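Heads up: the structure comes next, in structure tokens.
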């Protein structure tokens, strides 16, 4: 999509809502089963990505079925499966330690927005065994830098399917955020989101969608 030695374009597609999502319980590393909204969202997303005319050169996903699946759907929907859709384990979601399986209500009712926040967002702190942003980023960036820094420089456009945290960390390092400026950002579930990065891999305008 992007031009050679010009503002590189990176599309990010976050899986819609998973089964456990409807229940309103913490996920973590577990691989839940996407739902109609997610699928419909994926399809819609793909149709949204192909409808506008946004073409893909390369694609990146996580090592989770939700995204590993969500990618196939969107990729199969956009009508460009031939695209190179890679999968990364480092592009997974920040571990939730012993929180995996706790209803947000109970979680928030037992940890409040405060503890829950510092527990879920914070920046570097992570719940009992759970991971954090810096960690995820630190372990997500390698894939990015390593296998995503050579093409992003040539002037190619790429897909990315992981999770709020993953993308958060991504956008974080991709934008050069601050410990107290990345926990305020936000993304869209079901509907992708493209970044206007430069020839180095840094934002140069602002995110955007197709829908």
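Per the header of the entry, the method used was solution NMR.
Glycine too: its Cβ is placed from the backbone N, Cα and C atoms.
Under the three-state DSSP scheme, residue 14 (substrate binding site) falls in the strand class. The substrate binding site annotation in Swiss-Prot covers 14-21, 27-28, 66, 93-96, 104, 120-121, 164-165, and the record cites similarity to another entry as its basis.
The Cβ of residue 15 (active site, tele-phosphohistidine intermediate) has 33 other Cβ atoms within 10 Å, all protein chains considered. The active site, tele-phosphohistidine intermediate annotation in Swiss-Prot covers 15 and is backed by similarity to another entry.
Under the heading phosphothreonine, Swiss-Prot lists 37, citing experimental evidence as support. Less than 8 angstroms from the CB of residue 37 (phosphothreonine) sit 16, 17, 190, each of them six or more residues away in the same chain.
The phosphoserine annotation in Swiss-Prot covers 62 (among others), and the record cites experimental evidence as its basis. According to its DSSP assignment, residue 62 (phosphoserine) is in a strand. Listed in sequence order, 68, 87, 88, 89, 91, 92, 93, 161, 162, 163, 166 are the same-chain residues at least 6 apart in sequence whose CB falls under 8 Å from the CB of residue 62 (phosphoserine).
Within 10 Å of the Cβ of residue 93 (active site, proton donor/acceptor) there are 22 other Cβ atoms, across all protein chains. Annotation comment: Swiss-Prot describes 93 as active site, proton donor/acceptor.
In three-state terms derived from DSSP, residue 96 (phosphotyrosine) belongs to neither a helical nor a strand segment and is classed as coil. Summarising the annotation, Swiss-Prot assigns phosphotyrosine to 96 and lists experimental evidence as the type of evidence.
Under the heading site 'Transition state stabilizer', Swiss-Prot lists 163, citing similarity to another entry as support. For the recorded site, residue 163 (site 'Transition state stabilizer'), the DSSP three-state label reads coil.
A simple way to gauge crowding: the CB of residue 166 (phosphoserine) has 30 other CB atoms within 10 angstroms, across all the protein chains here. Per Swiss-Prot, phosphoserine is recorded for 166 (among others).
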| field | Separation of alpha carbons, residue 96 (phosphotyrosine) and residue 20 (substrate binding site) (Å) | value | 14
